[PDB]
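Peer 1: Structure below; questions to follow.
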Amino acid sequence: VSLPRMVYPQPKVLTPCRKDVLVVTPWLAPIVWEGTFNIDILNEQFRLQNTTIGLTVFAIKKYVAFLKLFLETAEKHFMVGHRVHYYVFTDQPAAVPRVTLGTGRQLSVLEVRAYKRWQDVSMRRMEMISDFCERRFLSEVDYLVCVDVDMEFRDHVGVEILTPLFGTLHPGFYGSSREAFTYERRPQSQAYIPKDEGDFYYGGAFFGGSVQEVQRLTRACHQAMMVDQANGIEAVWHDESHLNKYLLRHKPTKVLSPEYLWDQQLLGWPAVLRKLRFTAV
Ligand SMILES: CCCCCCCCO[C@@H]1O[C@H](CO)[C@H](O)[C@H](O)[C@H]1O[C@@H]1O[C@@H](C)[C@@H](O)[C@@H](O)[C@@H]1O
Ligand SMILES: C[C@@H](N)C(=O)NC[C@H]1O[C@@H](n2ccc(=O)[nH]c2=O)[C@H](O)[C@@H]1O
C-alpha cells in the first residue's frame with residue numbers, strides 16, 4: 001500500500017538525530033530514543049496494514065491492585081489510534097477492574113494458576129505466554145508486547161517499538177560495562193553468559209515482537225528453565241536471565257532505550273532521557 005502525500009521536515013544526512021547516545025546496534029537494529037523517529041510516518045505505515053497489537057500482563061495474587069492504573073494509563077499512552085487487545089492473566093478474574101476502553105480496543109481475562117513462589121510466578125509467564133501464542137494470539141494480533149503490571153505509562157509508547165523481535169535496555173545497566181551486567185555466571189545454568197560476552201542487559205519487564213518470534217522466545221526460555229530445574233539450579237534473575245541469553249544468541253531487530261523501562265525514585269531523570277514513557281509505580 002502506498003503512503004499518501006505528507007509534509008514533514010526533511011531528514012538531514014549531515015546532522016545526526018542524537019549526538020549523545022547510540023541509535024543503531026552493530027547488527028543494524030535501531031535503538032529507539034526520542035528524536036530518532038517521526039511518529040506521523042510510522043503511524044501511517046502501521047495503520048495502512050491495520051495492525052493489531054496485543055499487550056500481555058500478569059496480575060497474580062496481590063498484583064491485581066496494579067491493574068487499574070496500568071490499564072488507565074495504557075488507554076492514554078499505548079498505541080493510541082491502533083487496534084489493541086489487552087490480555088490480562090490472573091488467578092482472580094472477578095478482581096479485574098472495569099476500565100473504560102477507547103474504540104477499537106478490547107480486553108480479555110485469562111484465568112491461570114498462581115504459583116506460591118514469586119520467582120515461579122515471574123518465570124512461568126514464559127510458559128503461559130507461549131501456550132497462548134499456540135492458538136489465541138496467532139489469530140487475534142500481529143504483535144505482542146509483554147510487560148510487568150506494577151508500572152504506569154506516563155508518555156507515548158507506540159508503533160515505533162514494533163518489529164519482529166525487541167528487547168529493552170534495563171534502566172540500571174544501560175551505562176555499564178558487560179563485566180558488570182548481572183547475567184547468570186554459573187556454567188551449570190542454561191542462561192550462562194561469560195564475562196567477555198554480551199551486547200546489552202535487557203529488562204525482563206518489557207519485550208515483544210511478532211507473535212511468531214515471541215512464541216519462539218518464550219518457548220526457548222521456558223524449555224531452558226525446565227532444563228535448569230531438572231538440574232537443580234535457578235538463574236540469578238530468573239526469566240530475565242534466560243531472556244538475556246536468548247537475545248545474545250538471537251539478536252533483536254530493535255532495541256528500546258530506557259525511556260521505555262524506568263524507575264524515577266531509584267534513578268532520577270537523567271538528561272539523556274527526554275521522555276519517561278513506562279515507569280515503576
Ligand atoms: C550498579 C547499578 C546500581 C543500580 C541498580 C538499579 C537497577 C536494579 O534493578 C534490578 O535489577 C535486577 C537485575 O540486576 C533485576 O532486573 C531487578 O528486577 C531490578 O529491580 C526492579 O527494577 C528496578 C529498576 C526497580 O524498579 C526495582 O524496584 C525492581 O524490583
Ligand atoms: C520487578 C517487578 N516488576 C515485579 O515485582 N515483578 C515482575 C512481574 O510478575 C508478576 N507477578 C509477580 C509476583 C506475584 O505475586 N504476582 C505477579 O503478578 C507481575 O506482572 C509483576 O510485574
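Residue numbering restarts at 1 in every chain; chains get A, B, ... in the order shown in the C-alpha cells, and ligands count up from 1 in that same order.
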Taking only residues of chain A that have an atom at most 12 Å from an atom of ligand 2, what is each one's shortest atom pair and its distance in Å to one decimal, using only C-alpha atoms and all ligand atoms, in chain and number order, as CSV?
Peer 2:
residue,atom,partner,partner_atom_place_in_ligand_line,distance
A:55,CA,ligand 2,20 (O),11.9
A:56,CA,ligand 2,20 (O),9.1
A:57,CA,ligand 2,20 (O),5.7
A:58,CA,ligand 2,20 (O),4.0
A:59,CA,ligand 2,18 (O),3.7
A:60,CA,ligand 2,18 (O),3.7
A:61,CA,ligand 2,15 (O),5.3
A:62,CA,ligand 2,15 (O),6.1
A:63,CA,ligand 2,18 (O),4.9
A:64,CA,ligand 2,18 (O),7.1
A:65,CA,ligand 2,18 (O),9.7
A:66,CA,ligand 2,22 (O),8.6
A:67,CA,ligand 2,20 (O),9.4
A:70,CA,ligand 2,22 (O),10.4
A:87,CA,ligand 2,20 (O),11.8
A:88,CA,ligand 2,20 (O),9.5
A:89,CA,ligand 2,18 (O),8.2
A:90,CA,ligand 2,18 (O),7.4
A:91,CA,ligand 2,18 (O),9.0
A:92,CA,ligand 2,18 (O),10.7
A:112,CA,ligand 2,18 (O),10.7
A:113,CA,ligand 2,16 (N),10.9
A:114,CA,ligand 2,15 (O),7.9
A:115,CA,ligand 2,15 (O),8.1
A:116,CA,ligand 2,15 (O),8.0
A:117,CA,ligand 2,15 (O),7.5
A:118,CA,ligand 2,13 (C),4.4
A:119,CA,ligand 2,13 (C),7.2
A:120,CA,ligand 2,13 (C),8.2
A:121,CA,ligand 2,12 (C),5.4
A:122,CA,ligand 2,9 (O),4.4
A:123,CA,ligand 2,9 (O),8.0
A:124,CA,ligand 2,9 (O),9.2
A:125,CA,ligand 2,9 (O),7.6
A:126,CA,ligand 2,9 (O),10.8
A:146,CA,ligand 2,20 (O),9.5
A:147,CA,ligand 2,20 (O),7.0
A:148,CA,ligand 2,22 (O),3.5
A:149,CA,ligand 2,22 (O),4.1
A:150,CA,ligand 2,22 (O),4.8
A:151,CA,ligand 2,3 (N),7.2
A:152,CA,ligand 2,22 (O),10.9
A:170,CA,ligand 2,1 (C),11.3
A:171,CA,ligand 2,1 (C),11.9
A:203,CA,ligand 2,1 (C),9.5
A:204,CA,ligand 2,7 (C),8.1
A:205,CA,ligand 2,3 (N),6.1
A:206,CA,ligand 2,3 (N),9.6
A:237,CA,ligand 2,1 (C),10.1
A:238,CA,ligand 2,7 (C),10.3
A:239,CA,ligand 2,7 (C),9.6
A:240,CA,ligand 2,7 (C),9.8
A:261,CA,ligand 2,3 (N),10.1
A:262,CA,ligand 2,3 (N),10.7
A:263,CA,ligand 2,3 (N),10.4
A:278,CA,ligand 2,3 (N),11.5
A:279,CA,ligand 2,3 (N),9.9
A:280,CA,ligand 2,3 (N),7.3
A:281,CA,ligand 2,3 (N),9.1
Peer 1: With DSSP run on the backbone, what are the strand (DSSP E or B) residues within segment 88-257 of chain A? I'd like them as an NGL selection string.
Peer 2: :A and (88-90 or 105-111 or 143-147 or 151-153 or 157 or 165-169 or 202-210 or 254-256)
Peer 1: Could those residues be written to a file, using N, CA, C and O atoms, as a CSV table (one decimal), in the first residue's frame?
Peer 2:
chain,number,residue,atom,x,y,z
A,88,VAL,N,-5.1,-10.0,30.1
A,88,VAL,CA,-4.8,-10.0,31.5
A,88,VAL,C,-4.9,-11.4,32.1
A,88,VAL,O,-5.9,-12.1,32.1
A,89,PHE,N,-3.7,-11.9,32.4
A,89,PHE,CA,-3.5,-13.2,33.0
A,89,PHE,C,-3.7,-13.1,34.5
A,89,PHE,O,-2.9,-12.3,35.1
A,90,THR,N,-4.6,-13.8,35.2
A,90,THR,CA,-4.9,-13.6,36.6
A,90,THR,C,-5.4,-14.9,37.2
A,90,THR,O,-6.0,-15.7,36.5
A,105,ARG,N,-10.4,-1.2,20.9
A,105,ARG,CA,-9.6,-1.7,22.0
A,105,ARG,C,-10.4,-2.6,22.8
A,105,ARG,O,-11.6,-2.3,23.1
A,106,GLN,N,-9.8,-3.8,23.1
A,106,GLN,CA,-10.6,-4.8,23.9
A,106,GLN,C,-9.7,-5.5,24.9
A,106,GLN,O,-8.5,-5.4,24.8
A,107,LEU,N,-10.3,-6.1,25.9
A,107,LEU,CA,-9.6,-6.8,27.0
A,107,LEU,C,-10.2,-8.1,27.2
A,107,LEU,O,-11.4,-8.3,27.1
A,108,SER,N,-9.3,-9.1,27.3
A,108,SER,CA,-9.6,-10.5,27.6
A,108,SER,C,-8.9,-10.9,28.9
A,108,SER,O,-7.8,-10.5,29.1
A,109,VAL,N,-9.7,-11.6,29.8
A,109,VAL,CA,-9.2,-12.1,31.0
A,109,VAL,C,-8.9,-13.6,30.8
A,109,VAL,O,-9.7,-14.3,30.4
A,110,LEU,N,-7.7,-14.0,31.2
A,110,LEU,CA,-7.2,-15.4,31.0
A,110,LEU,C,-6.9,-15.9,32.4
A,110,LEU,O,-6.0,-15.4,33.1
A,111,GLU,N,-7.7,-16.9,32.9
A,111,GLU,CA,-7.5,-17.4,34.2
A,111,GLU,C,-6.4,-18.4,34.2
A,111,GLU,O,-6.4,-19.3,33.4
A,143,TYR,N,1.3,-8.3,16.6
A,143,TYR,CA,2.4,-8.1,17.5
A,143,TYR,C,2.0,-8.4,19.0
A,143,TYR,O,0.8,-8.2,19.3
A,144,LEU,N,2.9,-8.8,19.8
A,144,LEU,CA,2.7,-9.0,21.2
A,144,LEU,C,3.8,-8.2,21.9
A,144,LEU,O,5.0,-8.2,21.5
A,145,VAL,N,3.3,-7.4,22.9
A,145,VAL,CA,4.1,-6.7,23.9
A,145,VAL,C,3.9,-7.3,25.3
A,145,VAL,O,2.7,-7.4,25.8
A,146,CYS,N,5.0,-7.7,25.9
A,146,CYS,CA,4.9,-8.4,27.2
A,146,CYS,C,5.5,-7.6,28.3
A,146,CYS,O,6.8,-7.4,28.3
A,147,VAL,N,4.7,-7.2,29.3
A,147,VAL,CA,5.2,-6.3,30.3
A,147,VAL,C,4.8,-6.7,31.7
A,147,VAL,O,3.9,-7.4,32.0
A,151,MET,N,3.5,-1.0,37.0
A,151,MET,CA,4.1,0.0,36.1
A,151,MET,C,3.0,0.9,35.7
A,151,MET,O,1.8,0.6,35.9
A,152,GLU,N,3.3,2.1,35.2
A,152,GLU,CA,2.4,3.0,34.6
A,152,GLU,C,3.0,3.7,33.4
A,152,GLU,O,4.2,3.9,33.3
A,153,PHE,N,2.1,3.9,32.4
A,153,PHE,CA,2.5,4.7,31.2
A,153,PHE,C,2.4,6.2,31.6
A,153,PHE,O,1.4,6.6,32.2
A,157,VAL,N,3.9,5.5,24.1
A,157,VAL,CA,4.5,4.2,23.7
A,157,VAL,C,3.7,3.7,22.5
A,157,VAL,O,2.6,3.3,22.7
A,165,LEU,N,11.3,-8.7,16.6
A,165,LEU,CA,11.8,-9.0,17.9
A,165,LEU,C,12.4,-7.8,18.6
A,165,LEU,O,13.4,-7.4,18.1
A,166,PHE,N,11.9,-7.4,19.7
A,166,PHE,CA,12.6,-6.4,20.5
A,166,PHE,C,12.9,-6.7,22.0
A,166,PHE,O,12.1,-7.5,22.6
A,167,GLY,N,13.9,-6.1,22.5
A,167,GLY,CA,14.2,-6.1,23.9
A,167,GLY,C,14.4,-4.7,24.3
A,167,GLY,O,14.5,-3.8,23.5
A,168,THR,N,14.4,-4.4,25.6
A,168,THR,CA,14.5,-3.1,26.2
A,168,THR,C,15.7,-3.0,27.1
A,168,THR,O,15.9,-3.9,27.9
A,169,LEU,N,16.5,-1.9,27.0
A,169,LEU,CA,17.6,-1.7,27.9
A,169,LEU,C,17.2,-1.5,29.3
A,169,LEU,O,16.4,-0.6,29.6
A,202,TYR,N,19.2,-6.6,28.9
A,202,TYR,CA,17.8,-6.4,28.6
A,202,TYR,C,17.0,-6.6,29.8
A,202,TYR,O,17.2,-7.6,30.6
A,203,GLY,N,15.9,-5.8,30.0
A,203,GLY,CA,15.0,-6.0,31.1
A,203,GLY,C,13.9,-7.0,30.8
A,203,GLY,O,13.3,-7.0,29.8
A,204,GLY,N,13.7,-7.9,31.8
A,204,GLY,CA,12.6,-8.9,31.7
A,204,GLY,C,11.2,-8.3,31.7
A,204,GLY,O,10.2,-9.0,31.4
A,205,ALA,N,11.1,-7.0,32.0
A,205,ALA,CA,9.8,-6.4,32.2
A,205,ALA,C,9.2,-5.8,31.0
A,205,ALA,O,8.1,-5.3,31.0
A,206,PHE,N,9.9,-5.8,29.8
A,206,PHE,CA,9.4,-5.2,28.6
A,206,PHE,C,10.1,-5.8,27.4
A,206,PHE,O,11.3,-5.5,27.1
A,207,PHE,N,9.4,-6.7,26.7
A,207,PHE,CA,9.9,-7.3,25.4
A,207,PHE,C,8.7,-7.7,24.6
A,207,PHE,O,7.6,-7.6,25.0
A,208,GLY,N,9.0,-7.9,23.3
A,208,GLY,CA,7.9,-8.3,22.4
A,208,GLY,C,8.4,-8.5,21.0
A,208,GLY,O,9.6,-8.7,20.7
A,209,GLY,N,7.4,-8.5,20.1
A,209,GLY,CA,7.7,-8.8,18.7
A,209,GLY,C,6.5,-9.3,18.0
A,209,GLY,O,5.4,-9.2,18.5
A,210,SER,N,6.7,-9.8,16.8
A,210,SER,CA,5.7,-10.6,16.1
A,210,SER,C,5.3,-11.8,17.0
A,210,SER,O,6.1,-12.3,17.8
A,254,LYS,N,14.9,-4.6,17.0
A,254,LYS,CA,15.0,-3.2,17.5
A,254,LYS,C,15.4,-3.4,19.0
A,254,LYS,O,15.0,-4.4,19.6
A,255,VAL,N,16.0,-2.4,19.5
A,255,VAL,CA,16.2,-2.2,21.0
A,255,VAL,C,15.6,-1.0,21.4
A,255,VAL,O,15.7,0.1,20.8
A,256,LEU,N,14.8,-1.1,22.5
A,256,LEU,CA,14.2,0.1,23.1
A,256,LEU,C,15.1,0.7,24.2
A,256,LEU,O,15.7,0.0,25.0
Peer 1: Quick one: distance from atom CA of residue 195 of chain A to atom CA of residue 179 of chain A in Å, one decimal?
Peer 2: 5.1 Å
Peer 1: What lies within 10 Å of residue 40 of chain A using only C-alpha atoms, ignoring chain neighbours under 5 positions off, as a ChimeraX atom specification?
Peer 2: /A:6-8,45
Peer 1: Identify which of the residues A:136, A:18, A:178, A:47 lies closest to ligand 1, counting only C-alpha atoms and all ligand atoms when measuring atom-to-atom distances.
Peer 2: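 Ranking A:136, A:18, A:178, A:47 by distance to ligand 1, first place goes to A:178.
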